[PDB]
Amino acid sequence: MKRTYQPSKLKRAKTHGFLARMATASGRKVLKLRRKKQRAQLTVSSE
Amino acid sequence: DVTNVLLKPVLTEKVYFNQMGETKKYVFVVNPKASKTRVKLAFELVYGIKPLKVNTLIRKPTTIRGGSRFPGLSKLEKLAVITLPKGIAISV
Amino acid sequence: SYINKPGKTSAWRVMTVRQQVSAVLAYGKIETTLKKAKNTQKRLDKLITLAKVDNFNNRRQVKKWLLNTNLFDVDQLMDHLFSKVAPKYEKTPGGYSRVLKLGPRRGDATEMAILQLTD
Amino acid sequence: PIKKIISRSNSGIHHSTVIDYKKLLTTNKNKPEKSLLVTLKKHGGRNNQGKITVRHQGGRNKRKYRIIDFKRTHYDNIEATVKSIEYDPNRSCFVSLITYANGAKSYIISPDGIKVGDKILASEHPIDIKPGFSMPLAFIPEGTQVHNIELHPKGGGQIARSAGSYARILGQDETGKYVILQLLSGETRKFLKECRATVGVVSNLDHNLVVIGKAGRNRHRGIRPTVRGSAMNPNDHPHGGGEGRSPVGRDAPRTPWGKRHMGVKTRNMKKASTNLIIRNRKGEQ
RNA sequence: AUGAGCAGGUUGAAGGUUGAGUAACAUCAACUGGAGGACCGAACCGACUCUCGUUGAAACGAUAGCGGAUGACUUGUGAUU
RNA sequence: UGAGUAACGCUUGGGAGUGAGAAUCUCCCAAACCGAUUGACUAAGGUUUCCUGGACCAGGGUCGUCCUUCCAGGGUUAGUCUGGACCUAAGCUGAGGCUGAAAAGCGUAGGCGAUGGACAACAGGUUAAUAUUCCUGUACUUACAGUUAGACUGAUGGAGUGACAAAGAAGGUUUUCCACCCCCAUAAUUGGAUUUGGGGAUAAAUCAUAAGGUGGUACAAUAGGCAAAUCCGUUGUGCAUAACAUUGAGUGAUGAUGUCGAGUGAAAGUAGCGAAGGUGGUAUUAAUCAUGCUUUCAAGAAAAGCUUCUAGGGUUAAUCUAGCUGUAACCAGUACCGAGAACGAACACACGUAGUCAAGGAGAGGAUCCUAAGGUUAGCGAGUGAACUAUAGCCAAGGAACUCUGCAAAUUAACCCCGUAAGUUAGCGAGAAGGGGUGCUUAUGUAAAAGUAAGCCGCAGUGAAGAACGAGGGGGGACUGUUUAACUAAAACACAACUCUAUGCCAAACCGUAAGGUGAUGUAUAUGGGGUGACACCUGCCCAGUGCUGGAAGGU
């Protein structure tokens, strides 16, 4: 059966890309505090 | 040429099969940023020999050591395979 | 009762016994299930008895219970049968073969029977 | 004229007709000349905001804009010859391709009665009157069918340029300005004489005799199907939602917005043209 | 916006053509004709009936089907709320 | 703990060996299904899962010597394929720039943006992993620089092109099909017999013939296209009778003495070998011509790219064409799985999963039953075959007595031929109703058949396969349709249609705070609102009051 999530990695990059998240101030601040949050992955490119 | 991009040749069974032919195909691991223009240049300047033909590929990194206590990731490397004129080769 | 292994009826046991009699005629030995051996002994005795008249009617008849392999063809089996098997076992009123009880298998720990025929 | 639609369908009955498109038009096959056509994109009902900002509209079949002269002053005193009558699927009428005698082909709005090959002339100077003439109001007497009127002079005719629309002059303001016009839908203004006009009636007058027929045909022609307000959700509209045909309880009913909008006019009472009010669609002043 | 597809075989209306025919009409004969939120009907869509699954093949479906099935088309890609 | 309770998640048997030990490892044999797939292509997806060897310690719904399990090593090659370098569709960003406590929102030039366009290769070969990539042979393009000759070139801007729907029809064209020919193999131990099966050709690329199509070919003034114009234009004239230009199947010559082959088959069925490589049409087929053609209305893309004219200039050749020569053609991808144990699904599950060829008997079929290569026995087996249950196959006779009810279940079916009414908006009804037929041998029958006649046969003849059940009365809605995803499918909703209402252009309305935008590039015959909601005839009254609108005195 068709499911809720598709592994379309290009649409994945568009939806949750690093360059997309640095184009928004909220995303930039989130990545800053996630650097402060000890997370290994911040975006898809920083996995 | 930085005289470092010619990292190392490898001799595997498929490489042995390639070299036991007539055009003396060899393989060099190289920096994946260079174009075949300057790669071929580095080759005709390191010796007197110009490559008959050039081909490029990369060994895509995979999860090395598989499922184990200490897994990891494999290395990044680009293999350039060179065919030479039939009667000539390189003595590495 | 939707799609699954549905179990086996008379057709499957018929094809199984035909394959088994062809296989025993290939060599002269089968190790199988005791129930199938008991089922096959009757047909084997009848087939040994049925091929002793040797005409085209009996040719088709005893041909109707043989299957093929590479070492032997169904034609090869009927030829071998008619050539040598029938004249030898005429000296007994039944009981051509012997089915003996072996030990259990390692696959299912079930009673395996060996069916054989010698003279 | 129109003709009954022949389909012989066995799913219900269709009581619809269709315009002939040949005794009023030409080339009933969409592949016209490549002179003055520009591709159009519909908004899908959305604003520039991305939000849907029109009601029950969406699903129009793709149509291409025909580049039509509206200012009609760049080519003045140059004689035009009607070369074709080509349909305009965007507007409610059919445009006409003409050729100014200097050698300039152009699409224009086609007034009623003009045909391919007719010879006309339009400029900014007082001349005689023939169908298709366009010439400023200051040189025209009252009592003529005029359309494509320009509230902002030198811009282009905007009012009364739909299917079979025009206006009649009910006199001229006795101060040498503001020619009095009877706008369609019953309005009557004292319109600026600084402006131009297109004489006669506009073609394609049978939009009073159009048949829509079914749902999806109109959906492809535009407007989407939707429910009335009084069957909407009880929060989005209190009259709807539930069992038993809950009818409208508000005298002068409203919209999703609390609009007491029955009979009340929403024309500005203090515009610079409010001193030019003569008649609003029912009465005087 | 960009695209793909709609097995199959179906109907012969309109239109137009020819002729008879009427002052002209009208009327009809035959011909081309191939329109259809037309037909059934593969695929396909939906979940309308039945059974099963009732801690499953399935955080929810599987059978026979049913209705619809060149359009109030489906579907794919991208955008978009 | 339940409890050994349940289950072990789409399909075998035998022989032989390995291994101490094998249903599950392998070889063989068969099977029966899928067969428009249970055959291969690839998009996307997974991205080493792909290959070799060793091994089975953590998983294999037990087993497991083995696994898609682990360990060690290894596999994907691109001047022409996909794509960057060609560009754009929606769309996005967007400096400067408009609005907004600010962050920010909006927004132009532009720049990003294929699922499209510009665009130069094909085939065989060969590994344990691939191969327009590697090789082999047969070709093509693109500039660069020099050279040979000719030769004027001309964008920034102008013109054209690209540039385009669905539905439908009948042809050209060669295939297809069949008869028949060649070649190869084949010769029958059962009754009978001189049988049976298969093959029969080749790409890019160049050249020639190009079927046919598409529908105008030249003279000049320019008052039109920011300009300038030799380019479109504009004007008629000459031809308008067929040229003119474009295109265009196919066919032939190479390519191609090449691969290859029926088949043969030595060390394995591997290598070698490899015969033939033919005609007629076709009332069967698609393909291409073909952006062809016809019709309809809801009217069906751009940029890139191409051509061209003038400016722009050059005219000691800047410069173009082509020959020849040389130089060189860059960046990235390439494994396999790929409808599914490698996507998702937490999943070794049976589900939904891009497009696409998709063969035979046989049929209208891509429907159906049985098949050609294919691949395997659905990660648990083996026995007896209790009740009880799922699945069925069946039950003689009544036959609706069952029920809240013909709910459910069960007669009709495919093809062919007769005949069909009420109502009816003339379209239906309708496969109404109601009946008959389906086989074979011979002849007749068109091109084969239909069809007919004679005979013969069956227990009956789409003999297996899968095939609308009707009739009438009633309610609603006309209808066709959307509809409460994982309870209700409607008589709910929608819809055509209608009365009223508002919106006159910088339209109102809506959004934001705003700019501003949709509205709308709409213009009353347009849009919105409110409700009524096939078709038809009508919708009567009441303004007490609320409200809607309007008004102007008077009070306020």
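Above: the structure in question.
S.K.: Please clarify how the overall build of chain B should be interpreted in this entry.
M.R.: Check the secondary structure of chain B and you find 2 helices and 6 strands. The linear arrangement of helices and strands in chain B, starting from the amino end, is β-α-β-α-β-β-β-β. Along the three orthogonal principal directions, the C-alpha set of chain B runs to about 50 × 30 × 20 Å. Going through the 92 residues of chain B one by one, you find that 21% of them count as buried. The long-range share in chain B, meaning contacts at least 24 apart out of those at least 6 apart in sequence, stands at 60%. Accessible surface, chain B: about 6,900 Å² in total, of which carbon and sulfur atoms supply 60%. Charged side chains of chain B number 17 positive and 5 negative; the gap between the two group centres comes to 7 Å.

S.K.: Explain the sheet that holds strand 5 (residues 80-87) of chain D to me, please; I cannot follow it from the model alone.
M.R.: The strands making up a sheet associate through hydrogen bonds between their backbones, and the pairing can be parallel or antiparallel. Residue and element names in this part refer to chain D. Taken in spatial order, the 4 strands make up an open sheet running 7-6-5-8, and their pairing is antiparallel. What marks the edges here is a single partner per strand, and that holds for strand 7 (104-109) and strand 8 (119-120). Here 7 bridges tie strand 5 to strand 6 (residues 94-100), and the two strands are oriented antiparallel to one another. Along strand 6, the bridge assignment pairs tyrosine 87 with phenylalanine 94.

S.K.: Help me understand the pairing of strand 7 of chain D in this model?
M.R.: Regular strands show a simple pattern: their side chains alternate between the two faces of the sheet. Residues and elements named next belong to chain D. Summarising burial for strand 7: 5 of the 6 residues are buried, a large majority. Across 6 bridges, the pairing between strand 6 and strand 7 is antiparallel. Each residue of the ladder has a partner; that of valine 95, found in strand 7, is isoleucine 109. Linking strand 6 back to strand 7 in an antiparallel pair, the connection comprises 3 residues, with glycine 103 at a positive phi of about 105 degrees.

S.K.: Would you explain the environment of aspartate 119 of chain C in this entry?
M.R.: Residues and elements named next belong to chain C. Residue position: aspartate 119 is located in the segment after strand 3 (111-116). Residue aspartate 119 is classed as exposed on the basis of its relative accessible area of 68%. In this structure the C-alpha to C-alpha distance between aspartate 119 and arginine 98, which are 21 residues apart in sequence, comes to 11 Å. Residues in contact with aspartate 119, not counting those within four places in the same chain, are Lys88 and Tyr89.

S.K.: So what exactly am I meant to see when it comes to the packing of helix 1 (residues 10-26) of chain C against helix 2 (residues 34-50) of chain C here?
M.R.: When two helices pack together, their arrangement is given by the angle between their axes and by how far apart the axes lie. Residues and elements named next belong to chain C. Their axes nearest at 10 Å, the elements helix 1 and helix 2 cross at an angle of 75 degrees. It follows that helix 1 is roughly perpendicular to helix 2 by the angle criterion. Of the residues in helix 2, those touching helix 1 at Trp12, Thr16, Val17 and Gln20 are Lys36, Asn39 and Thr40. When its residues are assigned to classes, the contact of helix 1 with helix 2 shows 2 nonpolar, 4 polar and 1 charged.

S.K.: What should I look at first to understand the sheet that holds strand 6 (residues 77-83) of chain B in this one?
M.R.: Residue and element names in this part refer to chain B. Strands sit in the order 1-2-6-3 across an open sheet of 4 strands; the sheet is antiparallel. Two strands in the sheet have a free side with no partner beyond their single neighbour: strand 1 (8-9) and strand 3 (53-59). The sheet contact formed by strand 2 (residues 26-30) and strand 6 spans 5 bridges and is antiparallel. If you follow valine 27 over to strand 6, its bridge partner there is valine 81.

S.K.: Hey, could you run me through the protein's contact with RNA strand F in this one?
M.R.: Taken together, 153 residues surround RNA strand F, and among them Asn55 of chain B, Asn70 of chain C together with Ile13, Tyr75 and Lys265 of chain D come closest. The sugar-phosphate backbone supplies 75% of the atoms of RNA strand F found within 4 Å of the protein. Contacts to RNA strand F include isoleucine 212 of chain D, whose backbone N or O atom sits 3.1 Å from a phosphate oxygen. Residues belonging to the surface near RNA strand F are distributed by class as follows: 43 nonpolar, 55 polar and 55 charged.

S.K.: What should I look at first to understand the packing of aromatic side chains in this one?
M.R.: The description of an aromatic ring pair rests on the distance of the ring centres and on the angle between the ring planes. Residues and elements named next belong to chain C. Scanning the model with the defined rule gives 3 aromatic pairs over all chains in all. Here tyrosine 89 and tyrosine 96 contribute two aromatic rings whose centre-to-centre distance is 5.7 Å and whose plane-to-plane angle is 15 degrees, an arrangement assigned as stacked. The pair formed by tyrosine 89 and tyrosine 96 is uniform in burial state, with each residue classed as buried. Its end group placed over the ring of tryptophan 65, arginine 43 keeps NZ or CZ at 4.0 Å from the ring centre.

S.K.: Got a minute to help me understand the side chain of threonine 83 of chain B in this structure?
M.R.: Along the chain, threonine 83 of chain B turns up in strand 6. For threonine 83 of chain B, the contacting residues outside a window of four places in its chain are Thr23, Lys24, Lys25, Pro51, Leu52 and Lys53 of chain B.

S.K.: How should I be thinking about the nonpolar core in this particular structure?
M.R.: Generally speaking, a soluble globular protein has its nonpolar side chains buried in company with each other. Among the nonpolar cores identified, the biggest contains 13 residues, and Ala51, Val62, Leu66, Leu77, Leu81 and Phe82 of chain C are the most heavily contacted of them. Looking at this core, the elements with two or more residues in it are helix 1 and helix 4 (74-88) of chain C. A total of 6 residues in this core trace back to one element, the largest contributor, which is helix 4 of chain C. Excluding residues within four positions of it along the chain, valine 62 of chain C makes contact with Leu47, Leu50, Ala51, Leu81 and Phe82 of chain C. Counting residues in each nonpolar core, the second largest holds 12 residues, with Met135, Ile149, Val179 and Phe191 of chain D among its members.

S.K.: Please explain the packing of helix 3 (residues 56-63) of chain C against helix 4 of chain C as it appears in this structure.
M.R.: Residues and elements named next belong to chain C. Close contact between helix 3 and helix 4 brings their axes to 10 Å; oriented N to C, the two are set at 125 degrees. Classed by the angle they form, the pair helix 3 and helix 4 counts as oblique. Our pair here, helix 3 against helix 4, has a crossing hand that is right-handed. Across the interface between the two elements, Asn58, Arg59, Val62 and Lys63 of helix 3 pack against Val74, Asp75, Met78, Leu81 and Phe82 of helix 4. Residue classes in the contact of helix 3 with helix 4 are distributed as 5 nonpolar, 1 polar and 3 charged.

S.K.: Would you mind going over the pairing of strand 10 (residues 168-173) of chain D with me for this structure?
M.R.: All names here are of chain D. Strand direction decides the pairing type here: strand 10 and strand 11 (residues 177-182), joined by 4 bridges, are antiparallel. Directly across from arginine 168, in strand 11, lies its bridge partner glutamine 182. Linking strand 10 to strand 11, which pair antiparallel, is a turn of 3 residues; within it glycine 176 sits at a positive phi near 80 degrees.

S.K.: Is there a simple way to think about the pattern of salt bridges in this case?
M.R.: As a working rule, side chains carrying opposite charge can pair if their charged atoms are close by. All names here are of chain D. Taken as a whole and assessed by the stated rule, the structure comprises 13 salt bridges over all chains. Linking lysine 3 and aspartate 20 is a salt bridge whose minimum nitrogen-to-oxygen distance equals 3.8 Å. Of this pair, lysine 3 sits in strand 1 (residues 2-4) while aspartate 20 sits in the loop between strand 2 (17-19) and strand 3 (37-38); the two residues are 17 residues apart in sequence, bridging distant segments of the chain. Given a relative accessible area of 38%, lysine 3 falls into the partly exposed group. Exposure remark for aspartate 20: the relative accessible area of 16% places this residue in the buried category. For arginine 281, the salt bridge is made with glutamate 187, and the minimal N-O distance between the two is 3.1 Å. You can see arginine 281 sitting in the segment after strand 14 (277-279) and its partner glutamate 187 sitting in the loop between strand 11 and strand 12 (188-191), a full 94 residues away along the chain. It is possible to trace a salt-bridge network through shared partners that takes in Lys3, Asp20 and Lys23.

What counts and what doesn't
Residues numbered from 1 in each chain as written, not as in the entry; some residues may be left out. Chains lettered and ligands numbered in written order. Part of a larger assembly, values for the part shown. Heavy atoms only, no water. Helix = DSSP H or I, 4+ residues; strand = E, 2+ residues; numbered from the N terminus. Buried < 20%, exposed > 50% of the residue type's maximum accessible area, 1.4 Å probe, protein only. Contact = heavy atoms within 4.5 Å. Areas by Shrake-Rupley, 256 points an atom, 1.4 Å probe, with all protein chains shown as cover. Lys, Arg positive; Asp, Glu negative; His and termini not counted. Charge placed at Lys NZ, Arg CZ, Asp CG, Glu CD. Pairing = 2+ DSSP bridges. Axes fitted to C-alpha atoms, helices over the stretch in contact; angles between N-to-C directions. Parallel < 35°, antiparallel > 145°, perpendicular 65-115°, else oblique. Nonpolar A, V, L, I, M, F, W, Y, C, P; charged D, E, K, R; others polar. Near = heavy atom within 4 Å. Polar contact = N/O pair within 3.5 Å; in protein donor to acceptor, adjacent residues only side chain to side chain. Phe/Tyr/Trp six-rings, centres within 6.5 Å; stacked < 30°, edge-to-face > 60°. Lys NZ or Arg CZ within 6 Å of the ring centre and 35° of its normal. Core = buried A, V, L, I, M, F, W, Y, C linked by side-chain atoms within 4.5 Å. Left-handed = near helix turned anticlockwise from the far one by under 90°. Salt bridge = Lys/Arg side-chain N within 4 Å of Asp/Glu carboxyl O.

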